[PDB]
Protein chains: 2
Amino acid sequence: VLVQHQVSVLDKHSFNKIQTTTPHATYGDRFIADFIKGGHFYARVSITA
Amino acid sequence: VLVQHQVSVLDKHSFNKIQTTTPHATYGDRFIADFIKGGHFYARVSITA
């Protein structure tokens, strides 16, 4: 069983200010907006004679 | 008449944080704490005969 969610489209994203002399190395390039969630299942039964 | 004041010794000095990746060129080296105040007078009367 494989379950994969999606990212909600009705959220608001904002940017908070951190004071740094090197904002490039602190902020980086991209931020983590939403986490793709899911699940997994795997079963095996072996009933012998 | 020359009048020269002094700088009060019972004041509090604080530092506020501003935004610049180049704080050196924004803040500089030294700040203007108190202004030395004073005054001046100069008179001449020439009453002729």
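Refer to the structure printed above.
My aim in this report is to walk through the structure given alongside it, one point at a time. (Residues numbered from 1 in each chain as written, not as in the entry; some residues may be left out. Chains lettered and ligands numbered in written order. Part of a larger assembly, values for the part shown. Heavy atoms only, no water.)

### Focus on the overall build of chain A
A count of helices and strands for chain A gives one helix and two strands. Starting at the N terminus, the α and β elements of chain A follow one another as β-α-β. Its C-alpha atoms put chain A at 75 × 25 × 10 Å along the principal axes. Out of the 49 residues belonging to chain A, those deemed buried represent 0%. As displayed, chain A has an accessible area near 5400 Å², and 58% of this comes from carbon and sulfur atoms. (Helix = DSSP H or I, 4+ residues; strand = E, 2+ residues; numbered from the N terminus. Buried < 20%, exposed > 50% of the residue type's maximum accessible area, 1.4 Å probe, protein only. Areas by Shrake-Rupley, 256 points an atom, 1.4 Å probe, with all protein chains shown as cover.)

### As for the environment of B:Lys37
Residue and element names in this part refer to chain B. Within the secondary structure, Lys37 sits in the loop between α1 (23-27) and β2 (38-40). A relative accessible area of 54% places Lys37 in the exposed class. What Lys37 contacts, discounting residues up to four positions off in sequence, is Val3, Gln4 and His5. (Contact = heavy atoms within 4.5 Å.)

### Let's talk about a nonpolar patch on the surface
Side chains of A:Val1, A:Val3 and A:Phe41 sit close together on the surface and give an oily, nonpolar patch of about 310 Å² of accessible area. Here A:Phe41 is to be found in the segment after β2 (38-40). (Patch = residues over 30% accessible without salt bridge, like charges linked within 9 Å, V, L, I, M, F, W, Y side chains within 5 Å. Salt bridge = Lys/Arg side-chain N within 4 Å of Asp/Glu carboxyl O.)

### Topic: the packing of aromatic side chains
All names here are of chain B. Within the structure shown, the criterion is met by two aromatic pairs over all chains. An angle of 35 degrees between the planes, with centres 4.8 Å apart, marks the rings of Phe15 and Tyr27 as tilted. Highlighted residues: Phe15 in the loop between β1 (2-4) and α1 and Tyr27 in helix α1, separated in sequence by twelve residues. For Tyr27, a relative accessible area of 32% puts it in the partly exposed group. (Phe/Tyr/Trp six-rings, centres within 6.5 Å; stacked < 30°, edge-to-face > 60°.)

Note that every value here comes from positions in space, so none of it alone points to a role or purpose.
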